[PDB]
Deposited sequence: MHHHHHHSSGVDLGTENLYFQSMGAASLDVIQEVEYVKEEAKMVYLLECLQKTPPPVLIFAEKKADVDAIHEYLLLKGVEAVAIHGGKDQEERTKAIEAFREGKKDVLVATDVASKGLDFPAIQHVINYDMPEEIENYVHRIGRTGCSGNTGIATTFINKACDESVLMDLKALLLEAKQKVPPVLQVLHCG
């Protein structure tokens, strides 16, 4: 409820580059969420290739890896944790300065929970595009407005 939500239209083929730029709105720590394992893996490899202290958690990591990352992050030894929703559930995270939603969830319920991982202020960035159904976009729109947040142009048309 008390986070600055920054929702932005980003073509699928442009997110990786934009993500790098995003990391800079904020000092660490940063949590990047994506629905799929493949994605979490891509983003982590990209961040590494660009030189970001980045760790990743998902259902396909073994116990060694999960533990090592959940805790380097939790100590501040790593700036960025990239996670799936399901892998991050119940983890004890520190004060997160910035949530980056690389995906828009299908349910608005889930958008909230993700952005609910920063606050108590902080920034939530959410990449939206063509693939989102109208319904979630309306609920995102409805939410930004109730939250008294910037509505990006692409949503400002939804209902004029």
- Message: Give me the ranges of the deposited sequence that have no CA atoms here, in sequence order.
- Response: 1 to 27, 148 to 150, 191
